[PDB]
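Below is one structure, written out as structure tokens, with a few remarks after it.
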Amino acid sequence: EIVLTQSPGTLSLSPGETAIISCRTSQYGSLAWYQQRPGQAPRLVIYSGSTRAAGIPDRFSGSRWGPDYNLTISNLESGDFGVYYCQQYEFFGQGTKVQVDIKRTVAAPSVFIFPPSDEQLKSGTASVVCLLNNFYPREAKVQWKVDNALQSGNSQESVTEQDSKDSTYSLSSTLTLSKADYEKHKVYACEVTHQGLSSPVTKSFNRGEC
Amino acid sequence: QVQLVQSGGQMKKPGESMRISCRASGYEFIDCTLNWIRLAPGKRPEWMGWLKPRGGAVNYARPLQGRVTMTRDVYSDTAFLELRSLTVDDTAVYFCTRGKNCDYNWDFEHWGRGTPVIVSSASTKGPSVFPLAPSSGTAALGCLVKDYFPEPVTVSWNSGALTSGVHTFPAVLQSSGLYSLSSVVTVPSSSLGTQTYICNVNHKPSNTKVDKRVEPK
Amino acid sequence: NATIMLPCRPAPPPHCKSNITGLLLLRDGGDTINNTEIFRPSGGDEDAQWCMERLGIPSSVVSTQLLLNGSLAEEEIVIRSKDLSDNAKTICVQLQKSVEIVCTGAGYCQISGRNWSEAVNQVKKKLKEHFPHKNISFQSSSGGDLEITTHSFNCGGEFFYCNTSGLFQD
Ligand SMILES: *[C@@H]1O[C@H](CO)[C@@H](O[C@@H]2O[C@H](CO)[C@@H](O[C@@H]3O[C@H](CO)[C@@H](O)[C@H](O)[C@@H]3O)[C@H](O)[C@H]2NC(C)=O)[C@H](O)[C@H]1NC(C)=O
Ligand SMILES: *[C@@H]1O[C@H](CO)[C@@H](O)[C@H](O)[C@H]1NC(C)=O
Ligand SMILES: *[C@@H]1O[C@H](CO)[C@@H](O)[C@H](O)[C@H]1NC(C)=O
Ligand SMILES: *[C@@H]1O[C@H](CO)[C@@H](O)[C@H](O)[C@H]1NC(C)=O
Ligand SMILES: [Cl-]
Ligand SMILES: [Cl-]
Ligand SMILES: [Cl-]
Ligand SMILES: [Cl-]
Ligand SMILES: [Cl-]
Ligand SMILES: [Cl-]
Ligand SMILES: [Cl-]
Ligand SMILES: [Cl-]
Ligand code: NA
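Chains as they are written, first to last, in the entry's author numbering: chain L, 1 to 30, 33 to 91, 96 to 216; chain H, 1 to 52, 52A, 53 to 82, 82A to 82C, 83 to 100, 100A to 100D, 101 to 128, 134 to 214; chain G, 4 to 173.
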């Protein structure tokens, strides 16, 4: 039984700057760090505590002091961003997510709302789609309103990655209702709350308008 | 060299049993312990057990005792994993891994390609493509690839000509066990009047290819 | 706590009696269900002969699970292993008092449950020292070939197998 405590879980960094991940092991043993690029098989980075693995840039350096282990990455290349797990014997740690975040000027979203197509309604369901498009930074809040009734649970956000061209995020929340529920209420609104907007922008459409 | 080739991804349903393989090429098969590790979505790697091919001694993790069974075939240098009585909580990617040195097993330098196993009570369905009409600066429109299983689907616009301002969001797992996907694009409004736009969807797991014309309401 | 009958398969002849000196075990890996450390009989695996050499078992004695004709550890059970906290490295238990296994020639070999269970408890006590504050438990092998699953020894030049289910089930 090994109790591996890994921190800090989430890391948002721009390419270049240093990224320090760390674990804390109960028992004493040889510890390794693994890299999982998203969509690939994990990669052995460090083993035996700080011994760099085979074909790993000198930019990866592990340090150990007592029960605390670090993993220090410097000059974050494009391919380094992923998730890193520390291992001691057969046990791993919670892990940490190393996300790339290109810093830039705070833009704003282009909220667009799409009612459910008449074909979808004929099929029996209805799916309304709000679209916060090309904004920065990531953190944004979409609140679905229906007849001035706050909706939590029905929505389902989904965000794209850092747009390599302009370093901006896009988002599309999909609220789903049954045709019965859809045909019951009227004004369907999507409230956005990003810091780029001075105040929440409430793009909405009244059912049966154009 | 240290080459570990695994079988392809399988789709199972709650209750079924699965068997996946892993052929080891590039080293003395029996001289190294061979482990099975599974990565689940958002759960830390879980070690399932190891197997020493010289003698076939298995060591299964205490949680999985009863469900898991690890065999081997020295004639063909193939290690087999069998997991019985599956659950929705077994959706994961399974790996056979080998240590750097055969004197210490827990320095996994060599990993298999990975074999994903989806355990949902939801047979395959082809998507339904619905149009996200612009409805009237710049205007935007898109497609909604809804109620499809399993991942993935490919969305292209105008057969690949239009690619500026396109966003193919990640799919979402709906409460019904099927996935939903939105792919949108931003265009000049005047062009929207004269220019025409199509989204082409290909759901290879079910041989469902669709081309939806997105027209203003 | 009576005599145990072990169904050895190839009908071991009646003149095959040996004196058990030590054991070969393997600690189950992974999170410990219900705060219990499980140990199962091993064949030695990577460092099999290493253990036998440290217990003075001659080169003529090739056995699994149960180590035979070795030298007993004076004073107390000796626990050896290239590494204990590594569940891939096998464990090497040397007994302080032997347990004779006597084969009757009738398709069984016998081991006195009174003397055997006395050793088992001594071994569990010593294992409780290295793995403290966890119930120590024995169980039969969870997989492998019949040479690993059973206590496989050789007698008169013939290799035999002995289902040790009765010995490792606490
Ligand atoms: C792993 O990474 C962490 C993060 O850098 C390291 O912890 C750092 O420990 C050093 C110890 O020298 C701290 O620096 C010192 O802080 C005080 C300031 O009053 C002072 O005593 C020293 O002059 C020096 O400034 C540092 O605070 C601390 N990290 C942070 C962010 O504060 C650690 O050393 C690394 N390696 C390990 C733990 O093996
Ligand atoms: C050694 O083992 C053999 C059977 O393998 C047995 O006949 C013999 O008595 C044993 N020697 C001693 C000293 O117990
Ligand atoms: C070994 O066992 C045999 C019978 O099993 C017995 O006669 C002999 O005295 C024992 N010797 C030792 C050294 O244990
Ligand atoms: C050993 O014997 C018991 C009962 O005699 C049986 O349940 C078990 O399956 C046997 N094990 C092997 C490996 O034959
Ligand atoms: Cl994008
Ligand atoms: Cl977890
Ligand atoms: Cl998956
Ligand atoms: Cl369709
Ligand atoms: Cl979506
Ligand atoms: Cl003796
Ligand atoms: Cl078996
Ligand atoms: Cl048997
Ligand atoms: Na409703």
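Backbone N, C-alpha and C define an ideal beta-carbon position, used for all residues, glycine too.
Which residues in the same chain have their Cβ closer than 6 Å to the Cβ of residue i, if we skip the five residues on either side of it in sequence?
i	result
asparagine 58 of chain H	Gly49 and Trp50
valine 85 of chain L	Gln38, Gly101 and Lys103
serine 45 of chain G	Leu27, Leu28, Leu29 and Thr93
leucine 137 of chain L	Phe118 and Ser178
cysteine 19 of chain G	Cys106 and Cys158
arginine 53 of chain H	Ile30
Could you check which residue in the options has the C-alpha nearest to that of residue i?
i	options	result
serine 22 of chain L	L:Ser129, L:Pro15, L:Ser63 and L:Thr166	L:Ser63
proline 206 of chain L	L:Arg61, L:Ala195 and L:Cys216	L:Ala195
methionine 69 of chain H	H:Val2, H:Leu82 and H:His164	H:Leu82
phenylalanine 42 of chain G	G:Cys95, G:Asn157 and G:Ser115	G:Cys95
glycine 81 of chain L	L:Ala186, L:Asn154, L:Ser14 and L:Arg144	L:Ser14
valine 67 of chain H	H:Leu82C, H:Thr77 and H:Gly54	H:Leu82C
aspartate 85 of chain H	H:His200, H:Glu16, H:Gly190 and H:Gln192	H:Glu16
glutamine 27 of chain L	G:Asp89, G:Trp53, G:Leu9 and G:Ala51	G:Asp89
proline 16 of chain G	G:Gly169, G:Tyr164, G:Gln172 and G:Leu170	G:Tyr164
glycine 99 of chain L	L:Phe141, L:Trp150, L:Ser12 and L:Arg24	L:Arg24
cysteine 88 of chain L	L:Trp150, L:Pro44 and L:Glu167	L:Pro44
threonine 180 of chain L	L:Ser161, L:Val165 and L:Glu197	L:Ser161
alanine 146 of chain L	L:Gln168, L:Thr111, L:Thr199 and L:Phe97	L:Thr199
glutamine 64 of chain H	G:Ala91, G:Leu98, G:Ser120 and G:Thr35	G:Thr35
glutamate 49 of chain G	H:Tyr100, H:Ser75, H:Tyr176 and H:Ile37	H:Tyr100
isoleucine 80 of chain G	G:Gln68, G:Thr24 and G:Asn118	G:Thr24
residue 241 of chain L	L:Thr166, L:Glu96, L:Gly16 and L:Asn212	The structure shown does not extend to residue 241 of chain L, since chain L is modelled only from 1 to 216, so the question has no answer here.
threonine 182 of chain L	L:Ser204, L:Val193, L:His191 and L:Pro122	L:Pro122
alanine 14 of chain G	G:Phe156, G:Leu69 and G:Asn138	G:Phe156
Beta-carbon within less than 7 Å of residue i's beta-carbon, same chain only, minus the 5 sequence neighbours each way: which residues are those?
i	result
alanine 55 of chain L	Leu46, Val47, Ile48 and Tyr49
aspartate 208 of chain H	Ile195 and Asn197
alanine 60 of chain H	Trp47, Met48 and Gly49
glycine 116 of chain G	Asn4, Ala5, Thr6 and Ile7
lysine 100 of chain G	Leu75 and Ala122
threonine 174 of chain L	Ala113, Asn140, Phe141 and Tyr142
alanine 19 of chain L	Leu11, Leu13, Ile75, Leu78 and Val104
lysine 52 of chain H	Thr33
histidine 102 of chain H	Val2, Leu4, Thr93 and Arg94
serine 145 of chain G	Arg43
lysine 96 of chain H	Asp100C and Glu101
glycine 169 of chain G	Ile7 and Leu9
Looking only at its own chain, which residues have a Cβ that is under 8 Å from the Cβ of residue i, when we skip the five neighbours before and after it?
i	result
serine 173 of chain H	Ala114 and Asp144
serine 52 of chain L	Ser63, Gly64, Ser65 and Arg66
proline 10 of chain G	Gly110, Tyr111, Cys165 and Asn166
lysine 109 of chain L	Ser14
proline 41 of chain H	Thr87 and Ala88
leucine 124 of chain H	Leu138, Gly139, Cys140, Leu141, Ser179, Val181 and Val211
Contact set, ligand 8 heavy atom to C-beta under 6 Å:
H:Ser120, H:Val121 and H:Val207
Could you please go through the chain and list the residues whose beta-carbon is closer than 7 Å to any non-hydrogen atom of ligand 9?
This criterion selects L:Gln162, L:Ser164, L:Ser178, L:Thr180, H:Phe166, H:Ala168, H:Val169, H:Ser177, H:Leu178 and H:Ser179.
Using 8 Å as the threshold, is the region 71-86 of chain L in touch with the region 83-93 of chain H, meaning 3 or more CB pairs across them?
no
Under 8 Å: do the region 189-209 of chain H and the region 64-77 of chain G share three or more Cβ pairs, one atom per stretch?
no
Pocket of ligand 5 (residues with CB nearer than 7 Å to any heavy atom), chain order:
L:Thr166, L:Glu167, L:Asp169, L:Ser176 and H:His164
Strictly closer than 7 Å from CB to any heavy atom of ligand 10: give me those residues in the order they appear in the chain.
G:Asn22, G:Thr24, G:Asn72, G:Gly73, G:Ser74, G:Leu75 and G:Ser101
Chain-ordered residues, beta carbon under 7 Å from a heavy atom of ligand 12
The filter returns G:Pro10, G:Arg12, G:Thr153, G:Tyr164 and G:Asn166, in chain order.
Report all residues for which the CB-ligand distance to some heavy atom of ligand 6 is below 7 Å; order them along the chain.
L:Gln100, H:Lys43 and H:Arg44
Taking 7 Å as the limit, tell me which residues put their C-beta closer than that to any heavy atom of ligand 7, in chain order.
H:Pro41, H:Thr87, H:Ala88, H:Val89, H:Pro108 and H:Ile110
Can you list, in chain order, the residues of the region 72-89 of chain G whose Cβ is nearer than 8 Å to any Cβ on chain L?
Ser88 and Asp89
Near-chain L residues of the region 22-39 of chain G (beta-carbon distance less than 8 Å), N- to C-terminal order:
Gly32, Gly33, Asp34 and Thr35
Cβ pair count under 8 Å reaching 3, the region 176-193 of chain H against the region 160-168 of chain H
Contact between the region 176-193 of chain H and the region 160-168 of chain H is present, because at least three Cβ pairs lie under 8 Å.
Is there contact here, the region 12-32 of chain H with the region 52-60 of chain G, by at least three beta-carbon pairs under 8 Å?
The region 12-32 of chain H vs the region 52-60 of chain G: no contact.
Using a Cβ-Cβ cut-off of less than 8 Å, give me the residues of the region 43-55 of chain G that come near chain H, in sequence order.
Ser45, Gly46, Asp48 and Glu49
The region 108-122 of chain L / the region 208-215 of chain L touching (three or more Cβ pairs under 8 Å)
yes
If you measure beta-carbon to beta-carbon, which residues of the region 150-184 of chain H are closer than 7 Å to chain L?
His164, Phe166, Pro167, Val169, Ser177, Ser179, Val181 and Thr183
Can you list, in chain order, the residues of the region 125-154 of chain G whose Cβ is nearer than 8 Å to any Cβ on chain H?
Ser144, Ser145, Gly146, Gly147, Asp148, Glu150 and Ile151
Cβ contact check for the region 102-112 of chain H and the region 2-13 of chain H: 3 or more pairs under 8 Å
yes
Any 3 or more C-beta pairs closer than 8 Å across the region 156-165 of chain L and the region 151-161 of chain H
no
Mind listing which residues of the region 21-52 of chain H have their C-beta closer than 7 Å to chain G's C-betas, in chain order?
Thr33, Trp47, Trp50 and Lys52
Residues in the region 130-156 of chain L having any Cβ partner in chain G nearer than 7 Å:
none
Within 7 Å of chain L by C-beta, residues of the region 137-149 of chain H in sequence order
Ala137, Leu141 and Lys143
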